[PDB]
Amino acid sequence: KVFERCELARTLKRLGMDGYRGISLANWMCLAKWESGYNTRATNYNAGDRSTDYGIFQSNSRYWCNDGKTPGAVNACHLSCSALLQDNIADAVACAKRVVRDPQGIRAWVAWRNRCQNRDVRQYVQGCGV
């Protein structure tokens, strides 16, 4: 499913992402935008290390979910990577919350640093009623 901007903003708010571990809703929106373009079925293979990024937040198979074909992988979210490709994003959200419980926080995603950090992210939630 490809979410429309405000639809996703309201969904994330209902799932308790606003201010989770100090991260504002607009930061989560900026992250989803640049990682997958709000596409839940987005997948990207990293030929360089044999890992794959899955879902709306592009969580990596080496650390977060299990796909069985990634060498030396852990499964911190305790989920099959298939769960991150559903139209219902509850599991992808539960996993993203797990990612930020680690010291790096939102910085765990390189794209957040390049595209969202130190910027005016208000645009991502403006007019959505959240």
# chains A, B, ... in the order shown; residues from 1 in each chain; ligands from 1
call {"tool": "residues_around", "arguments": {"residues": "segment 74-81 of chain A", "least_positions_apart": "3", "cutoff": "6 Å", "atoms": "only C-alpha atoms", "output": "compact mmCIF listing (two decimals) with N, CA, C and O atoms, in the first residue's frame"}}
result
# COMPACT_ATOMS: atom_id res chain seq x y z
N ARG A 62 19.79 -7.81 8.53
CA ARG A 62 20.96 -8.25 9.30
C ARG A 62 20.73 -8.08 10.79
O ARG A 62 21.22 -8.90 11.59
N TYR A 63 19.93 -7.09 11.17
CA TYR A 63 19.71 -6.80 12.58
C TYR A 63 18.30 -6.84 13.12
O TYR A 63 18.08 -7.22 14.28
N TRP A 64 17.33 -6.45 12.30
CA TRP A 64 15.96 -6.33 12.77
C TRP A 64 14.94 -7.41 12.52
O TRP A 64 14.12 -7.68 13.40
N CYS A 65 14.95 -8.01 11.34
CA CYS A 65 13.97 -9.05 11.06
C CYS A 65 14.65 -10.25 10.43
O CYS A 65 15.78 -10.15 9.95
N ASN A 66 13.97 -11.38 10.40
CA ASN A 66 14.56 -12.59 9.84
C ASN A 66 14.03 -12.96 8.46
O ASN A 66 12.81 -13.08 8.27
N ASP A 67 14.94 -13.13 7.50
CA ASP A 67 14.56 -13.55 6.16
C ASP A 67 15.28 -14.86 5.77
O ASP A 67 15.10 -15.39 4.69
N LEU A 84 6.91 -7.16 7.71
CA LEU A 84 7.17 -5.76 7.39
C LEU A 84 6.68 -5.36 6.00
O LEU A 84 6.92 -4.23 5.57
N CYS A 95 8.50 -2.56 15.33
CA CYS A 95 9.92 -2.78 15.07
C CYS A 95 10.70 -1.46 15.06
O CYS A 95 11.81 -1.38 15.60
call {"tool": "residues_around", "arguments": {"residues": "residue 55 of chain A", "least_positions_apart": "6", "cutoff": "8 Å", "atoms": "only C-alpha atoms", "output": "VMD selection string"}}
result
chain A and resid 36 39 to 43 84 to 85 92
call {"tool": "residues_around", "arguments": {"residues": "residue 14 of chain A", "least_positions_apart": "5", "cutoff": "10 Å", "atoms": "only C-alpha atoms", "output": "list in words"}}
result
residues 8, 9 and 130 of chain A
call {"tool": "write_last_selection", "arguments": {"atoms": "N, CA, C and O atoms", "output": "PDB file, in the first residue's frame"}}
result
ATOM      1  N   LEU A   8      -1.147   8.665   6.572  1.00  0.00           N
ATOM      2  CA  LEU A   8      -0.071   8.061   7.342  1.00  0.00           C
ATOM      3  C   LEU A   8       0.174   8.810   8.668  1.00  0.00           C
ATOM      4  O   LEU A   8       0.354   8.182   9.697  1.00  0.00           O
ATOM      5  N   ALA A   9       0.152  10.137   8.646  1.00  0.00           N
ATOM      6  CA  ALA A   9       0.388  10.938   9.847  1.00  0.00           C
ATOM      7  C   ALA A   9      -0.607  10.562  10.936  1.00  0.00           C
ATOM      8  O   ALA A   9      -0.232  10.312  12.086  1.00  0.00           O
ATOM      9  N   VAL A 130      -3.164  16.505  13.125  1.00  0.00           N
ATOM     10  CA  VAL A 130      -2.506  15.743  14.186  1.00  0.00           C
ATOM     11  C   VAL A 130      -1.718  16.664  15.122  1.00  0.00           C
ATOM     12  O   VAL A 130      -1.364  17.785  14.705  1.00  0.00           O
TER      13      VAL A 130
END
call {"tool": "atom_distance", "arguments": {"atom1": "atom CA of residue 4 of chain A", "atom2": "atom CA of residue 104 of chain A"}}
result
28.6 Å
call {"tool": "closest_residue", "arguments": {"among": "A:2, A:17, A:96, A:125", "to": "residue 109 of chain A", "atoms": "only C-alpha atoms"}}
result
A:96
